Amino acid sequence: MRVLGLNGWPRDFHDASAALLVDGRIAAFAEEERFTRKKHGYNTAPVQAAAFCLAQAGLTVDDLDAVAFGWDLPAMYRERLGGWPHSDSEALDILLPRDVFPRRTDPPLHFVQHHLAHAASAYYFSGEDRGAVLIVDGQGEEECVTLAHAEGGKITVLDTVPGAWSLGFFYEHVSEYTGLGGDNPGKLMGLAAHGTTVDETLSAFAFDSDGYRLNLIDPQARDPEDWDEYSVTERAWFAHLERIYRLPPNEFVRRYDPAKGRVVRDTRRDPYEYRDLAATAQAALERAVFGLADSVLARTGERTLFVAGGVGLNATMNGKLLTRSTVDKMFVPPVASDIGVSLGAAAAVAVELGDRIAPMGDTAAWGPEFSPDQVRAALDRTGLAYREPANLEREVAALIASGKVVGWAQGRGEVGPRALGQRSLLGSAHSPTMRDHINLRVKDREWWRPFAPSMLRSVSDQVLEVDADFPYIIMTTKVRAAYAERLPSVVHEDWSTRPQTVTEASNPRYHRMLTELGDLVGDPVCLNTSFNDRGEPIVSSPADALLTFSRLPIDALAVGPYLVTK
């Protein structure tokens, strides 16, 4: 079967994406924001992402066996907005506008339950027969947590928790409160490391062996003027935090900066001041999730754990789950946030149709790639001089080894929040100054933010103390003694890191580059941070990369077979 999964709706949505499964395999997969250049893919069908998928696969909607959506959208409309007004054709006309997607007839349209869709994106691509499923996000249609069982093709829901007790929402509001912003929980995760946990209950959570209990909010509490309990949980949390925490909300500040020539946003306080509140929001989250994980594992008698939902992006929480006593094996897909429920809905549908879903295979390079001719066009358009180095990987490794920062734009763009060697900014893992250089001089961002290393899987074994695939930078782990002090820019004081392991299969060109680096600095390890400027998505097109390369003091840009310097 050919199944096009979708996420993103014009009204009140985020992280639109489109994913194409063809006979179990991922033909194409991309996030709308990469094409629009507007962060987060807000309020829209994944028009361009879907456009790209069909084009990649060489298909029209008429070649499609099914279009799947990653929410029970008609059900949300019935429940929260009093009426699902559309016909499956009027639905498809909004999701796949007729002027971009011409069709002889509507394909079958499936709505897949939101958490099932998350669960699908973890299970069917993990490469494991069975396990415990733990879905933890902001909020699907009603629930905010799902504990389910994955066995022989089937996912079976055991229990759920209602939206008012969301831990995604909880985390977000703390994120907002700190001045970090609700749309930057990752930054909060990052800040935590610098904090000191005081009272992990925050005077709200009561923890137990199965999870948590939230006496601050009525669990059946619900918003009349909406279709999720965000605004509800917001008032409750914000009111609570100001009672118990020594600082009031950080407020955002809108002023005209005569140096920028714009009205820019800023925060009244330095968000670093809330590091204690951050350290504590993190600890609360870990403690709640440790309980849920334990619960769903013991009920399924499983020992492989599947995690998905926005909270599954907490690489710090993931790492601690991993080392947990109750966990032997664990899979969290790179697309654990909503961007994944396209892929998830498609999989759930493909499986119903008798398809067999193939494992991701330690890669997420499912977006757009570009011909050397196409790249050449983008360069020739700019009039910059460039080279076609005989051995791009060797020269690229030499630049990195010497402490220069290199823009790396190669192959199919990677899907998800984290760059994985398709669209990366690369630098020395070995440099004691690289971190402050990239954070402060290169990206103009907070000094306290961390960086993640890319290493050959073939030496993962000796660098990290867990001989396991870490393909997505979505799980923290500890480096071994021998490497703790060698990799100053990618290993915390803690000795923890968020690694990407690389295989020759997943990325021949990059694997080849790290290898060359090895011969230069001894370890085939490097710094690997997202390729973009403060307020943009990771770059997608060669034009996208030139543009960004233009306003960053990077040293060189390896885009396609071409090297460009400064």
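Each residue number is its position in the shown sequence, starting from 1.
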Between 537-545 and 515-523, which has the larger average Cα B-factor in the PDB entry?
515-523
Out of 364-372 and 382-390, which one has CA B-factors that are higher on average in the deposited record?
382-390
Based on the PDB record, which member of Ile135, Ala397, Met317, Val198 exhibits the highest Cα temperature factor?
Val198
Can you pull the Cα B-factors for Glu242, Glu286, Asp270, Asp461 from the entry and say which is highest?
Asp461
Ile26: which third of its chain by C-alpha temperature factor?
middle
Modelled-residue ranking by C-alpha temperature factor, third containing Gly421:
lowest
Test of reading the entry: by CA B factor among the chain's modelled residues, which third contains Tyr510?
highest
Assigned third (lowest, middle, highest) for the C-alpha B factor of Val311
lowest
Cα B factor band for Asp223 (lowest, middle or highest third within the chain)
highest
